[PDB]
There are 2 protein chains.
Amino acid sequence: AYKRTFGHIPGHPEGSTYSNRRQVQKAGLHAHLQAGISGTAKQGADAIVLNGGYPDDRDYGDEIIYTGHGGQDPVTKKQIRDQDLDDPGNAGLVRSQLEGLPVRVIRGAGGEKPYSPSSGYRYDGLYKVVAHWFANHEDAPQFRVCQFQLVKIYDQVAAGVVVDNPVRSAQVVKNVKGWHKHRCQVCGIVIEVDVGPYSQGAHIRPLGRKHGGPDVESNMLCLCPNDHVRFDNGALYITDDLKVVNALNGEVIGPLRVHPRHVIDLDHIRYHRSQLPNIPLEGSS
Amino acid sequence: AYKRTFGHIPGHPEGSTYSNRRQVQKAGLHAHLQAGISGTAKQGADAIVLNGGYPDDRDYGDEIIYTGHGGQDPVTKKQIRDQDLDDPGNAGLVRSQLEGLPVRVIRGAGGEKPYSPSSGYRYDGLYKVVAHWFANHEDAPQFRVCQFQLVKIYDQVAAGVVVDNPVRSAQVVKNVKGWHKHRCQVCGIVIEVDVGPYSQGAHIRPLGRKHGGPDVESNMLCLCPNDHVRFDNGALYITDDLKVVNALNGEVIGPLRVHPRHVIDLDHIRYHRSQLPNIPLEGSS
Ligand code: NA
Ligand code: NA
Ligand SMILES: [Zn+2]
Ligand SMILES: [Zn+2]
């Protein structure tokens, strides 16, 4: 059974070569035998195979314009209808872009000349999905195709990505957002984009050398992009009794939206509160 | 006259050494003779000098915990009051973090041992300011100091920075946000953080190889973080008559907030609209 997994695969480093698609499938690199995109709307896309599937595709080594799946005649191999984001591979690729999930590019024999191998399939490491759009198909302008921009991840801490087995844990984010359904714990909204709901996982006690916060569900809030910014730059704090308070003027906003399977560790809350200029004293709210 | 300028300075590459602070000042690297931070709340901070100014400072080469300016007795050289964000250097450093402006680190003789030079002052290239907080001073815990986390920029397109002379133009962003006063052109709000107002500059026709958008004031909108996300992932478009429309359901939101010195080039609007799955036809709104 294939297990969908983001990041490098144990045993198969960047550079690894394979003879055909069944190899790649057995190794755990892709899910599929023919299909270009390994992915699902719910979970994200963990790999793509690039073997000149459309003539819209462009390959610049470190940059890739990848064209999506859908709307081909099985017999003709010619576009007969528009591409959409119901396609799990197309949807999964957008969901990778939004969650910042890295995508294993596996490059194939038949593709663009300088970067493709002469024969077989090489695994060329992880790329980040940056944007997506629709354009007109080159061979048949009356039909729309979906397209993605992919950029090579050179340093994993630099580009902000999340991976399954470590860098920051993908699982942690996915739990917290899943429990809340991408609703901001402060203002209640869900940001709706083309593919679906959108939110940001925001650590309460920051990660790294100085602060040493754990990367876990208890040290994280699901927030909208606006509230993330406020929260990280002294405009919100949370009380011991889980009220959200405007740090700039002292005014109490309202209660934090809680979920029973999501246990916020109050030590981390206290720590975050303690990064403000004047620590809120007893009786402040 | 010193001109405050973000990024590398012509003639002084990373590695450049100098004998004392007056040299650094003449070269154009810093603004000041003693003061650690070159910077202002309005414009941002373009440099810091790191010469063991506080014992709270930590130096890890690629990471730096820098401690801010303020609250010292001129005679004693000991902390006598709390640090605040009225200090132009402290404020400027937060404003650098928010605008994503790179900061020239110049490292000094008296600092942390492995990374400091043996004598003089070396220019160690650009760093990005990532976060800031307040903590207790080591020598006098009853007083608060301001602190910053700085990370070395290795690739300038990767870390998302904006520089004065080119990468993306800092001037372009600064104009657009200045004309609008960090108000979202879609929803009207200003995000207020500790140091002041906050917004995002959002190109209308994206930059780079595929789309080839210009990096100019006419191809950019000032937006709140929430609306930026919607705008880049098929949830908003703008009409020829400058109304904002919800791309998901077709519903018209309201008119775009315009400013007379900010001329949006309608070709770019049309281009952005044309990235949606079905291009809006005549009579759509
Ligand atoms: Na954060
Ligand atoms: Na953008
Ligand atoms: Zn919110
Ligand atoms: Zn807005």
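Virtual Cβ from ideal backbone geometry, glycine too; neighbours counted across all protein chains shown. Nothing in this text is a laboratory measurement; each read-out follows from the coordinates by a stated rule.
With the charge dipole of the protein assembly as shown set up from +1 on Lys and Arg Cβ and -1 on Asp and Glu Cβ about the Cα centre, the Cα lying farthest toward the positive end among the listed residues A:13, A:34, A:176 is that of A:13.
Here the extension length gained between residue B:155 and residue B:63 equals 31.6 nm, from 0.36 nm per residue of separation less the Cα-Cα distance.
Along the axis of the charge dipole computed for the protein assembly as shown (Cβ charges of +1 for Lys and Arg, -1 for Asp and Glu, origin at the Cα centre), the listed residues B:266, A:274, B:43 are led at the positive end by B:43. Residue by residue along A:198-205, Cβ atoms of other protein chains within 10 Å of the local Cβ number 1 on average.
Distances between copies at residue B:160, taken between label points 7 Å from Cα along the C-beta direction, are 0.3 nm in increasing order.
When the Cα gyration tensor is reduced to axis lengths a ≥ b ≥ c, the ratio a/c is 1.5 or higher for region B:144-250, and with a/b not above b/c it is classed as oblate. Farthest toward the positive end of the dipole of region A:167-285, out of A:193, A:223, A:256, is the Cα of A:193, where the dipole comes from beta carbon charges about the Cα centre. Built from the Cα atoms of the protein assembly as shown, the convex hull projects on average onto 29.2 nm², one quarter of its surface area. What is region A:82-211 by shape, rounded, prolate or oblate, if you read a ≥ b ≥ c off the alpha carbon gyration tensor as root eigenvalues and call it rounded for a/c under 1.5, prolate for a/b larger than b/c, and oblate otherwise? It is oblate, given that a/c is not under 1.5 and a/b is not larger than b/c. Helical runs assigned H by DSSP (4 residues or longer) give chain B a calculated mean residue ellipticity at 222 nm of -4500 deg cm²/dmol, each run adding -39500 (n - 2.57) before division by the residue total. Shielding by partners for peptide B:274-282, expressed as the average number of C-beta atoms from other protein chains within 10 Å of each residue's C-beta, is 3. Basic side chains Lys and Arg get +1 at the Cβ, acidic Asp and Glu get -1 at the Cβ, and with that the dipole of region A:1-166 about its Cα centre reaches some 540 debye.
Label-to-label distance for residue B:189 and residue B:252 is 2.5 nm, based on points extended 7 Å past Cα in the beta-carbon direction. Simple spin-label estimate for residue B:2 and residue B:118 gives 3.0 nm between the two label positions (7 Å along the Cα-to-Cβ direction from each Cα). Across region B:103-108, coupling constants 3J(HN,Hα) worked out from phi with the 6.51/-1.76/1.60 Karplus curve, θ = phi - 60°, read 10, 4, 7, 10, 9, x Hz, and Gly and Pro carry x. Computed from the C-beta positions of residue B:279 and residue A:181, the FRET efficiency with R₀ = 25 Å rounds to 0.20. Among the listed pairs A:42/A:181; A:128/B:128; A:210/B:181; B:3/B:174, a Cα-Cα separation exceeding 24 Å is found for A:210/B:181. Each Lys and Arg adds +1 at its Cβ and each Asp and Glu adds -1 at its Cβ; summed about the Cα centre, region B:167-285 shows a dipole of about 280 debye.
Inter-copy label distances at residue B:260, using a point 7 Å along Cα-to-Cβ, come to 6.1 nm with the shortest given first.
The Cα center of region A:1-72 and the Cα center of region B:224-285 differ in position by 34 Å. Where in region A:42-87 are there trypsin sites (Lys or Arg not before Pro) that are in a DSSP coil and have at most 13 other Cβ atoms within 10 angstrom of their Cβ? Filter output for region A:42-87: A:42, A:77, A:78, A:81.
Counting Cβ atoms of other protein chains within 10 Å of each residue's Cβ and taking the mean over peptide A:227-240 gives 4. Chain A holds its axis-closest Cβ, relative to the rotation onto B, at the residue and whole-Å distance A:225, 2. Peptides A:85-92, B:267-274 ranked from most to least packed, by the mean per-residue count of other Cβ atoms within 10 Å: A:85-92, B:267-274. Under the rule a/c < 1.5 gives rounded, and otherwise a/b versus b/c splits prolate from oblate, where does chain B land using the Cα gyration tensor? Taking the square roots of the gyration eigenvalues as a ≥ b ≥ c, chain B is prolate. Remark: chain B carries a charge dipole of roughly 660 debye about the Cα centre, counting +1 on each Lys and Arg Cβ and -1 on each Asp and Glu Cβ.
Inter-copy label distances at residue B:209, shortest first and taken from points set 7 Å along Cα to Cβ: 3.5 nm.
When Rg and the Kirkwood radius Rh are both evaluated on Cα atoms of region A:216-261, their ratio Rg/Rh stands at 0.95.
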